[PDB]
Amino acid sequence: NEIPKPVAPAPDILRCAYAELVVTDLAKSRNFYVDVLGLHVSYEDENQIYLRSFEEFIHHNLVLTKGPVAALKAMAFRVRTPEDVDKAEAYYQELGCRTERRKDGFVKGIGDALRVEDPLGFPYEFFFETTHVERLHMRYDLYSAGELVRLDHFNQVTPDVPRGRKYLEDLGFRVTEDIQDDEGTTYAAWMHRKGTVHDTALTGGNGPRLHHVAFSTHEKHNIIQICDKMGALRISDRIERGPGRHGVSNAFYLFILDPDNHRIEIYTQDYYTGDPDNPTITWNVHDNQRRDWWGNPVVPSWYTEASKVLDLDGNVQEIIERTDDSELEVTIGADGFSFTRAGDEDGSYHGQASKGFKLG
């Protein structure tokens, strides 16, 4: 059931800007995002913590909101002009989606804002107005050995990747890389507005669920330091996967888990995608260098676990099961297959993960 291209013009989206995550214990979440990861507090009270990255000048990149059920409440994109908020509302209304408009914002430090239940069930926000804060980009007196410098992207789990992809393309996102097989299945797509590999991404699976939110560092040693610090804090069990080099995106990466199991990616040194004919890279799902370039196996939780998302009433969205083939199953499952070199039996894996492991 293809999502039609509206007649109404798409809003001009600049970039991913922030996520609002509902968390169950505000103090525990603060310990993770401020004490462990070093994000900078823009505002806080007994109910919410507003955080930003080192180089950010808008009010925040992450809002932690206390609530009964941990979930993504909104993933927010900044648009180019005030008028683009109106455009977003018209566009989503033409799509038959539920929308909510608040002239003075949903969260502090954001002004006129539109939230929508998008066609894939995700809570998106579009805004232009935001309170500017001290840009900390040269505050080396504050700089952490693991400093998170920008918000980079979101990654969403959705059962039908082509359907979602076409809709995001009409919205103005361009696909930079994807993962497909030779039987017409798409397992994942990455798409951008700001000229990096992505602002959001679609990962095939039961959904809507939020896979992760990604922050960047300046250098690879910064990511190493986050791992090292987690070991010193004896929370290495909260390192889910990595560190590694991605095939898709070519970024150096790490995946960690917050106190409510919300997955955070730390990411650095992908490439420029701003030209409109940027070459789209398609990896085969059985290429064992596509997710980790070094061939390290992808732990099953990375495929199966992701966060709930909320509707505009704050209720959890029903999960719709994926019927397309599962990346987990076709790569590391019982009938799975992966290769190191296409066409070479040597360095290939049948019914198990790479590097001597099987599914727990």
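In case it trips you up, residue 1 is the first one in the sequence shown, and so on.
Asker: Tell me which of 318-326 and 297-305 has the higher mean C-alpha B-factor in the deposited entry.
Answerer: Stretch with the higher mean C-alpha B-factor: 318-326.
Asker: Would you mind comparing 66-74 and 34-42 for me and telling me which has the higher average C-alpha temperature factor in the entry?
Answerer: Here the higher of the two C-alpha B-factor means belongs to 66-74.
Asker: According to the deposited entry, which of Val248, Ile110, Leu233, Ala201 has the largest Cα B-factor?
Answerer: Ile110 has the highest C-alpha B-factor of those listed.
Asker: Hey, out of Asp287, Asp86, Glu219, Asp178, whose CA B-factor is highest in the deposited coordinates?
Answerer: Checking the PDB record, the top C-alpha B-factor among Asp287, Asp86, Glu219, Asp178 is at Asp86.
Asker: Which third of the chain holds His192 when residues are ordered by C-alpha B factor: lowest, middle or highest?
Answerer: Middle third.
Asker: Looking at the temperature factor on the CA atom of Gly96, which third of the chain's modelled residues does it land in?
Answerer: It belongs to the highest third of the chain when residues are ordered by C-alpha B-factor.
Asker: If you rank every modelled residue in this chain by C-alpha B factor, which third holds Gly205: lowest, middle or highest?
Answerer: Answer is middle: the recorded C-alpha B-factor places it there.
Asker: Based on the deposited C-alpha B factors for this chain, I'd like to know if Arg341 is in the lowest, middle or highest third.
Answerer: CA B-factor rank for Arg341: lowest third.
Asker: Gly184's Cα B-factor: lowest, middle or highest third of the chain?
Answerer: For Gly184, whose C-alpha B-factor we compare with every modelled residue in the chain, the answer is the middle third.
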